[PDB]
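Okay, so here's just one chain, in structure tokens, the form deposited in one PDB entry.
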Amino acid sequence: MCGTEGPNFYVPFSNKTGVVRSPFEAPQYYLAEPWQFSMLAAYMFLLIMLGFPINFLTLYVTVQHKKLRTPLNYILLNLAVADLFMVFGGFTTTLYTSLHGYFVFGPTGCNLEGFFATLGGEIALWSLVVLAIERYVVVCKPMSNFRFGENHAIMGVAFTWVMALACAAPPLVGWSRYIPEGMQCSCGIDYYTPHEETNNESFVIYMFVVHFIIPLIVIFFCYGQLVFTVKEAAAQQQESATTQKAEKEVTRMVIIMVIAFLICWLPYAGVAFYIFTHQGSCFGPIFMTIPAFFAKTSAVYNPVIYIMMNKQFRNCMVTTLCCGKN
């Protein structure tokens, strides 16, 4: 008996003292001191001030630079858009509610902010999956007469939207649900209550397998094969100093991407492991929300790694910031 249940919410605090209030009606300052809600606000401000420009600039320099508009880059624009859903559907709403100390938009606002913030993060996730599939296809050439073009790259983007809707949309119609989470200032999928009426258990399993396990396997396989192919090819051309240089930098970049993905991925896996063993206790506000706190920062560091470290975008972005010169 660690928390307080109500219709459409679960406050991770016991009501034995009678102080708990609906997170839709009154501030949750028994979960956390006001200054900690402010620090939640400050963190959201940081993510907005870094996350909007980087992702907006990614869309903006693609409009100004013809050479960026290649099919292999479409999935990166999708990534930028997904991050902006997170920045505006998620961080902005949470900055605003955090300063009230509760989710001031009510259960309807909870579904909206939950849906769009879950959709944004899901589209990003699957964009990294699809980008890895695309790079694997282009480099390892597993179809003999195949050339990756505009129509294929559109399919990849559409695919991320289907996968993201497949996670974000069921809680809207009765499989899982959106509720306040953590300090009750933002809304998300309910993996926190063993709700039976909406079959929460099977959605968590389905999330775990399809939207957590499968992405990691596909990302590791595609990039593993790719590094193997590039090393193998470079080994056959050891007379080419640039081939060796290119190999070293492809390898080093895959390592950064995979480690970045694990930095986002392992906190969920560590916390989920706690859920299987050490089931006994129930704990909050944080909880499995430690990964979520840090997974939000992927709206900032993913564009840094996949876009800002891409040689083309960097030079185009410099040209654009410097009003066309240098």
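We number the residues from 1 along the sequence you see.
The next section is about a form of this same protein that is not shown, the form deposited with a partner chain bound.
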**Asked** Which of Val157, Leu119, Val139, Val81 has a heavy atom within 4.5 Å of its partner chain in the deposited complex?
**Response** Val139
**Fill in**
Among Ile189, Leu77, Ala153, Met253, just one has a heavy atom within 4.5 Å of its partner chain in the deposited complex, namely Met253
**Asked** For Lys16, is any heavy atom within 4.5 Å of its partner chain in the deposited complex, or not?
**Response** no
**Request:** Mark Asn310 yes when one of its heavy atoms lies within 4.5 Å of a heavy atom of its partner chain in the deposited complex, and no otherwise.
**Result:** yes
**Message:** Given that its partner chain is not shown alongside this chain, does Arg135 nevertheless sit within 4.5 Å of it in the deposited complex, heavy atom to heavy atom?
**Reply:** yes
